[PDB]
Amino acid sequence: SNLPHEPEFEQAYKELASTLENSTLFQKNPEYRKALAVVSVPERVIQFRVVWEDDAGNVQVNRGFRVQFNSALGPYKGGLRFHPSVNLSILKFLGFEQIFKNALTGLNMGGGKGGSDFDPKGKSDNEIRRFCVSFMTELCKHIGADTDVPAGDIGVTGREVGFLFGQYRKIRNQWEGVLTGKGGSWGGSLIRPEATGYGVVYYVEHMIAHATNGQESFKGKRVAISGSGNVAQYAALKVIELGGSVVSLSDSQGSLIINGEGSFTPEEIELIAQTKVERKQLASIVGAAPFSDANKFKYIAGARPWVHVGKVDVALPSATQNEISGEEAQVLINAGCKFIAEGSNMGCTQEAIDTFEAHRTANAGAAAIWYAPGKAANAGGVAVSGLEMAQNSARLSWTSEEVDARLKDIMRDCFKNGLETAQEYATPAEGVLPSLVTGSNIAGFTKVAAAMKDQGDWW
Amino acid sequence: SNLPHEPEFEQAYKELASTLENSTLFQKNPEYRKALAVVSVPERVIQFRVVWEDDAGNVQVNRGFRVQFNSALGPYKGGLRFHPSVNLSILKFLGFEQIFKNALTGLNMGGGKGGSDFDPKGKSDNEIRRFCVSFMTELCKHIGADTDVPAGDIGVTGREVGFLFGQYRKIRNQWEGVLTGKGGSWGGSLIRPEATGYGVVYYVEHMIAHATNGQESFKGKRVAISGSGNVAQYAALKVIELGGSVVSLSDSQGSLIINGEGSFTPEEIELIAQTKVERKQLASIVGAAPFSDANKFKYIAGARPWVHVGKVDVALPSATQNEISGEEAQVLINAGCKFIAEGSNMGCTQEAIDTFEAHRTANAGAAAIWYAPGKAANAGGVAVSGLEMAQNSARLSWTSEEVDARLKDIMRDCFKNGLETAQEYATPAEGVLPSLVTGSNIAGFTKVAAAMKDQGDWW
Amino acid sequence: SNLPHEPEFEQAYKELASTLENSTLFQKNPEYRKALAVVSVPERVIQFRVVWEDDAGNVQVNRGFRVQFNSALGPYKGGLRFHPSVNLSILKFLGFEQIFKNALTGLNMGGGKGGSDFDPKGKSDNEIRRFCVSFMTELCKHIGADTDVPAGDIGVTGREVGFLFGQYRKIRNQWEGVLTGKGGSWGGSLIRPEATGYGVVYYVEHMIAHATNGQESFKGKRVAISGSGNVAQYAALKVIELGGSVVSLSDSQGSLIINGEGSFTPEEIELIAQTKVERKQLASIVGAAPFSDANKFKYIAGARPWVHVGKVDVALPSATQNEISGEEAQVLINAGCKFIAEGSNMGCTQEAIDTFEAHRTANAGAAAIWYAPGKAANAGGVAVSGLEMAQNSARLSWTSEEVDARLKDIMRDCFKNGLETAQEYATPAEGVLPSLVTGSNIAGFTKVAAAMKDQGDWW
Ligand SMILES: NC(=O)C1=CN([C@@H]2O[C@H](COP(=O)(O)OP(=O)(O)OC[C@H]3O[C@@H](n4cnc5c(N)ncnc54)[C@H](OP(=O)(O)O)[C@@H]3O)[C@@H](O)[C@H]2O)C=CC1
Ligand SMILES: NC(=O)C1=CN([C@@H]2O[C@H](COP(=O)(O)OP(=O)(O)OC[C@H]3O[C@@H](n4cnc5c(N)ncnc54)[C@H](OP(=O)(O)O)[C@@H]3O)[C@@H](O)[C@H]2O)C=CC1
Ligand SMILES: NC(=O)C1=CN([C@@H]2O[C@H](COP(=O)(O)OP(=O)(O)OC[C@H]3O[C@@H](n4cnc5c(N)ncnc54)[C@H](OP(=O)(O)O)[C@@H]3O)[C@@H](O)[C@H]2O)C=CC1
Ligand SMILES: O=C(O)CCC(=O)C(=O)O
Ligand SMILES: O=C(O)CCC(=O)C(=O)O
Ligand SMILES: O=C(O)CCC(=O)C(=O)O
């Protein structure tokens with residue numbers, strides 16, 4: 001070996017491997033242990049220096065990455081993250097998860113992830129442009145419409161996708177679906193901005209219907225959300241549309257929580273959206289209307305929302321990895337939370353997951369908190385990216401209604417697959433909800449493992 | 001010149017050329033003689049050494065080929081054959097036929113064929129993997145989704161397609177529709193396994209309806225099939241579904257014939273399918289149930305089925321070229337056979353064809369045996385390969401019902417084209433069935449010849 | 001950031017940076033601090049999975065790497081290491097050093113390094129072949145005669161270069177100087193096998209002449225060598241040719257030391273060379289003649305040679321990084337060692353270097369132990385690799401005498417450059433030997449930094 005310490009990647013791997021072991025999978029297919037050893041080493045990783053010029057004319061250096069983890073099911077597919085935390089460990093955890101998430105969409109997409117330790121905060125739009133130009137000058141050699149199709153993630157919006165696309169087209173002299181999250185007039189898809197957040201809510205709708213035998217829905221439920229970017233914004237919007245209340249949003253500096261009964265409104269979400277476009281914090285808008293209304297809003301510096309929202313019915317962590325601790329998980333259970341789905345990749349700590357899963361095993365039916373992993377619940381974004389690829393390959397643009405209908409079908413099938421797979425391989429006690437994390441992991445892994453075997457990646 | 005002796009290719013060429021001469025085609029378009037001279041020389045042929053390692057660690061050498069015969073109508077398209085007989089002559093006959101077959105599908109596909117003298121019999125799956133890896137290491141330079149799209153044929157199943165695809169993706173670093181016959185989760189098409197055999201039966205349904213003025217169908221007919229691989233299996237299944245009886249299957253070592261009235265069943269076909277997956281002979285399963293039941297089954301070592309089935313209504317040779325001799329053709333006529341369609345490429349000897357065509361000319365209406373050439377009747381496989389390409393380019397997967405409906409329409413149009421073209425250019429005597437071989441040949445040739453002229457390949 | 005822990009890389013970086021700071025370089029050119037920040041992040045790194053088949057038919061997985069550190073002065077250039085320790089940290093230290101080493105040769109070569117955690121020990125030649133085939137199947141995309149030219153290093157001999165070259169030629173369909181260390185009939189260079197070890201000895205000849213005002217040479221000196229592979233073998237041979245005594249060799253399991261006065265002979269070195277070709281340990285040949293002669297040889301299991309050789313005049317660590325500890329450095333000083341040059345990359349620990357450099361500063365003239373860094377002393381290998389590239393580009397083969405003459409000139413110029421640069425930028429006290437480590441580091445760094453500035457890599 002001897003291998004570097006990659007805690008985030010190791011966490012993701014261990015949770016997958018644990019769920020596979022705690023099932024009948026390896027009794028039925030013990031040869032899949034070999035598949036697991038092979039799939040866990042990325043097919044290819046590219047790391048590269050990115051030199052770029054700041055607004056003062058000074059040289060700056062950052063590190064760029066693209067992890068091309070697995071391509072059995074399709075070209076590598078997954079986002080780009082621009083955040084100062086970024087390193088290979090983080091991108092490997094993300095790319096690894098992406099393989100199995102993509103498998104659950106039913107579309108032909110392999111798994112990858114990339115990005116940079118470039119921090120968009122405090123940069124001008126001009127600085128972001130120059131950075132994206134330099135970044136893509138190297139990345140374009142390694143990607144392409146039938147090769148690897150990136151998109152956004154934390155710190156990468158349609159703005160950055162644009163600058164990246166422009167430079168790709170300039171060097172490669174091809175106009176194609178090399179990126180998704182593109183602008184509406186230059187190959188974007190309707191519903192792509194909404195897709196991840198909408199999908200998370202669609203998925204939880206199925207969880208609620210199943211756990212409650214159709215007796216409950218989002219109507220009248222209180223939903224605590226974290227983050228305030230793309231996933232959080234549209235998850236919030238969909239909750240509101242379905243008659244639920246959104247009782248929190250947050251960012252890296254603090255939480256903005258509804259004080260009492262009430263909800264964010266669509267108009268408030270749009271103000272927050274514009275603030276985040278400008279790369280400003282929630283803290284910067286709580287001094288003026290509407291967010292200075294202390295009757296409606298409480299801003300809590302340095303906090304996550306989970307312990308401050310009081311009673312809640314659904315939690316949708318939608319910011320970043322490891323944002324629900326073991327202690328926070330218990331608080332949510334004590335607050336009456338019965339549904340927790342990850343908008344963020346690896347949003348729950350392992351302690352949180354263990355807490356939720358023990359609770360499910362101990363409490364029959366609708367008394368349990370039911371946990372859905374990000375690879376199932378947040379797959380709507382990448383699914384609609386696949387549809388953007390489909391549109392670009394067709395050279396046509398579909399309607400909002402057409403894309404949204406497909407998104408709904410994909411989320412329904414993903415839920416059913418996880419539910420039915422857990423019922424088959426990890427059969428719960430009578431009256432106990434099946435494990436959606438175990439089911440989703442087995443369903444995604446087996447699809448990839450079998451395609452790998454067919455293609456001679458292992459034998 | 002001076003040109004090598006290529007008997008199979010010369011046979012295919014001479015039969016095409018003869019049908020074109022025995023028509024009014026060259027009275028109307030004498031310049032098409034030039035097209036015939038040009039189209040008959042392949043655009044490109046690649047031959048290459050394939051070195052591979054056996055399970056004992058020893059070097060082995062085989063010969064690889066890809067004949068890229070014509071691309072006027074589309075990228076080169078056709079299968080790969082792994083059989084010890086393979087040489088350039090055989091692959092040229094196959095690739096030549098493929099040009100005109102592909103033309104009759106209505107899809108944009110040129111004609112090609114390839115393969116190796118590698119013999120899968122007696123090899124382990126590991127040996128087949130290593131062979132496919134080495135084979136594609138060279139072939140990948142020459143093929144691609146808009147260039148040349150291979151598939152299976154004799155000795156190449158989904159297993160080999162998988163190993164080939166994996167190695168292509170590894171070297172070329174593109175995930176695309178470079179092969180067809182792919183697995184369901186990695187870009188395959190529903191109905192592709194069924195397509196060739198289903199199509200042959202769909203085509204003969206039209207022949208029966210026409211010859212009998214709608215009075216007869218497959219219902220109650222006895223159907224003698226040869227081979228026991230992909231084409232034979234699904235032709236048998238479709239016959240059974242339509243209420244016909246399948247009275248024979250065969251392989252290279254002997255024939256397995258129904259003893260009396262009766263049929264293979266779907267369950268028996270599946271047992272035979274699994275035996276052939278394991279590369280075992282029919283001879284190896286006749287010692288145990290159900291095939292050891294001598295009341296139902298008679299295994300005849302060294303024989304073809306045609307003279308041993310007694311009375312039959314339809315014959316579908318579905319194994320290999322030149323598998324119905326002139327004497328066998330007469331026996332089938334004496335046995336009451338009224339429909340003969342080639343599942344196999346060039347399944348009938350020239351003596352057989354001449355016998356069938358003389359019989360058609362001598363016997364009005366439904367009294368004639370009606371012969372359909374492989375380029376018409378077996379075109380369903382390549383047609384569904386075209387639809388697999390279409391699906392891969394759309395980045396979506398169609399339903400079984402959608403693919404099957406298109407397959408039915410393609411086979412209907414192919415029949416109508418051959419029938420109507422023969423009625424126009426080779427008008428039969430009153431009451432005599434038109435020549436489907438002449439009609440199909442003229443219809444395919446003229447479409448290619450005219451596209452070639454448009455593209456400046458001849459003038 | 002936040003960056004992974006890469007101790008080997010950090011060690012190499014810190015030693016370079018320290019020598020640059022302890023000089024007048026940044027007084028004269030403070031802008032070179034920017035160059036240092038840019039040059040220290042590799043231009044590109046490729047990591048890739050390598051799946052290969054063992055002699056039992058089982059799947060095995062290893063990790064492959066190529067670090068393409070800097071290309072200002074030429075295409076990336078440096079070896080491949082196959083050793084179970086390999087990881088990115090180790091390859092970054094090696095590739096970083098390579099940039100500056102290559103700069104000192106005077107040839108147009110950038111810096112890189114690659115390899116795998118594949119362990120050649122215990123593998124058959126067939127297993128090594130299959131591994132190299134799989135390795136190059138991915139690596140060939142990233143390298144080429146004007147792009148990146150690998151070669152051997154630990155665990156990669158002409159045998160592996162051959163298997164790698166064969167697979168490159170098969171996929172890329174170009175015969176070119178993509179690798180060095182090639183075989184004599186297929187583009188190799190005479191003197192390349194000898195070059196590294198010969199060069200180390202040539203370099204030390206200059207050190208001895210300078211320190212002793214021409215009064216001493218290798219004639220009559222006792223030379224302790226570590227390792228027993230390519231560098232150690234030919235360093236030993238050259239010492240013997242010059243009338244010196246080689247008093248030790250070693251491998252990863254122990255040291256083989258001359259017992260008393262005496263030397264390894266060329267015939268003994270050839271026996272050891274054949275043992276290492278077979279990937280066997282020194283321990284396996286000490287039970288038979290000649291090495292079982294306890295009067296001449298003492299095998300010491302688990303030891304390095306430095307404390308067991310008694311009095312010595314020159315030490316040439318030629319095995320691996322960090323193989324002379326601080327305590328061993330003091331023992332060598334106490335044993336009368338006056339010259340220490342690294343055959344191995346980063347052979348001395350930082351404690352050893354500090355000890356040697358303090359001794360030089362404290363002891364005038366020939367009383368000092370004089371330390372030469374690997375980037376100066378071991379540059380003969382890569383220099384002759386450059387000449388192999390030159391020969392391949394000329395399409396001609398030079399004589400042994402021609403290559404060796406150029407090698408001698410390159411080593412002389414490298415010594416003079418390090419000596420003169422230290423005299424200019426880090427002027428020692430009267431009578432004190434200039435620092436060859438400081439001089440070599442400044443000379444290599446400034447050449448790269450200035451070329452980078454010219455090319456717009458920093459400003
Ligand atoms: N966009 C998509 O389609 C997909 C995204 N995801 C995942 O959803 C999550 C959110 O992504 P997305 O909305 O697109 O990204 P955005 O950059 O639009 O928003 C990220 C939000 O999370 C906060 N955040 C980011 N890093 C941290 C951190 N280290 N600590 C605390 N808060 C943090 C951000 O606050 P601040 O501005 O203060 O840093 C911001 O409010 C991620 O886990 C992402 O991988 C899941 C599938 C699809
Ligand atoms: N698969 C497809 O989509 C297409 C195939 N075809 C043609 O259909 C025919 C059958 O192909 P397919 O079913 O796919 O192939 P398979 O390899 O699946 O089956 C071939 C069958 O034919 C037998 N066979 C092969 N060679 C000989 C031979 N020299 N002598 C006697 N019997 C032989 C085989 O027996 P054994 O195992 O003992 O050798 C086996 O039963 C061929 O002519 C093919 O070119 C037509 C269009 C499409
Ligand atoms: N070959 C070249 O042209 C160049 C090589 N170098 C450097 O010279 C040194 C030797 O390389 P080279 O002779 O080519 O390689 P070889 O593989 O031919 O020999 C390496 C020697 O060092 C021993 N060795 C390797 N790793 C260790 C270890 N972790 N611990 C203890 N002993 C070890 C080996 O013993 P064992 O077999 O028991 O592992 C063997 O005797 C390396 O530092 C290399 O990077 C410098 C410039 C050029
Ligand atoms: O659309 C994509 O490719 C990626 C969406 C995303 O960021 C994710 O799945 O984590
Ligand atoms: O699907 C294909 O490309 C080929 C099918 C086939 O083997 C044939 O038409 O002969
Ligand atoms: O010849 C080469 O490219 C490399 C020689 C080597 O292993 C080194 O300089 O460390």
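Order of appearance sets the numbers: ligands from 1, and atoms from 1 within every ligand. Note that these values count all heavy atoms, side chains included, but never hydrogens, waters or copies made by symmetry. Reminder, nothing fancy here: chain letters follow the sequence lines and each chain counts from 1.
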- Message: Regarding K182(A) and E388(A), does a basic nitrogen lie under 4.0 Å from an acidic carboxylate oxygen?
- Response: yes
- Query: How about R66(A) and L91(A): do any of their side-chain heavy atoms sit closer than 4.5 Å?
  - Reply: no
- Query: When you measure from the side chain of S228(B) to the backbone N and O of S250(B), does any donor-acceptor pair fall under 3.5 Å?
  - Reply: yes
- Proximal ligand 4 atoms for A151(A), defined as those under 4.0 Å from one of its heavy atoms: 1 (O), 2 (C), 3 (O)
- Query: Distance-only, no hydrogens or angles: does the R159(C) side chain make a donor-acceptor pair with backbone N or O of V277(C) under 3.5 Å?
  - Reply: yes
- Query: Which atoms of ligand 4 sit under 4.0 Å from any heavy atom of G78(A)?
  - Reply: 3 (O)
- Message: Taking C348(C)'s backbone N and O only, do any of them form a donor-acceptor pair with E342(C)'s side chain (distance below 3.5 Å, no angle check)?
- Response: yes
- Does some side-chain heavy atom of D251(B) sit less than 4.5 Å from a side-chain heavy atom of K276(B)? yes
- Of all protein heavy atoms, the one nearest atom 4 (C) of ligand 4 is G79(A) N, 3.7 Å
- Item | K123(C) to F118(C) six-membered ring, cation-pi geometry met (6.0 Å, 45°) | yes
- Note on the structure: Note: ligand 4 atoms sitting under 4.0 Å from heavy atoms of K113(A) are 6 (C), 7 (O), 8 (C), 10 (O)
- Where the side chain of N230(A) meets the backbone of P193(A), is there a donor-acceptor pair that is under 3.5 Å apart? yes
- Near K101(A) (heavy-atom distance under 4.0 Å), the atoms of ligand 4 are 8 (C), 9 (O), 10 (O)
- Task: Flag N378(A) as yes when one of its N or O atoms lies below 3.5 Å from any N or O atom of ligand 4, and as no otherwise.
- Result: no
- Message: As an exercise, identify every atom of ligand 4 less than 4.0 angstrom from a heavy atom of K77(A).
- Response: 2 (C), 3 (O)
- Interfacing atoms of ligand 4 (cut-off 4.0 Å, heavy-atom, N345(A)): 10 (O)
- So, the side chain of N322(B) versus the backbone of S325(B): is there a donor-acceptor pair under 3.5 Å, distance only? no
- Near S385(A), which atoms of ligand 4 are under 4.0 Å from a heavy atom of that residue? 1 (O), 2 (C), 3 (O)
- Those residues with a heavy-atom separation under 4.0 Å from ligand 3 are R81(C), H83(C), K101(C), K121(C), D153(C), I154(C), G155(C), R192(C), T196(C), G227(C), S228(C), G229(C), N230(C), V231(C), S250(C), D251(C), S252(C), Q281(C), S318(C), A319(C), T320(C), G343(C), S344(C), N345(C), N378(C)
- Query: Is there a donor-acceptor pair under 3.5 Å between the side chain of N102(B) and the backbone N or O of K77(B)?
  - Reply: yes
- Message: Any atom of ligand 4 sitting under 4.0 Å from a heavy atom of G152(A)?
- Response: yes
- Task: Report yes or no: does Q98(A) have a heavy atom closer than 4.0 Å to ligand 4?
- Result: yes
- ligand 4 atoms in contact with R192(A) (distance to a heavy atom under 4.0 Å): 1 (O), 2 (C), 5 (C)
- Message: Using only atom types and a distance under 3.5 Å, with no angle test, would you say the side chain of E160(B) pairs donor to acceptor with the backbone of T157(B)?
- Response: yes
- Task: Using atom types as modelled and distance alone, determine if a side-chain donor or acceptor of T196(C) lies under 3.5 Å from a backbone N or O of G380(C).
- Result: no
- Decide whether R192(C) and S385(C) meet the rule of one side-chain donor and one side-chain acceptor closer than 3.5 Å. yes
- Query: At a non-hydrogen distance cut-off of under 4.0 Å, which region of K375(A) contacts ligand 4 (side chain, backbone, both, or neither)?
  - Reply: neither
- Task: Could you tell me the residue and atom name of the protein heavy atom closest to atom 7 (O) of ligand 4, and the distance to it rounded to 0.1 Å?
- Result: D153(A) OD1, 2.9 Å
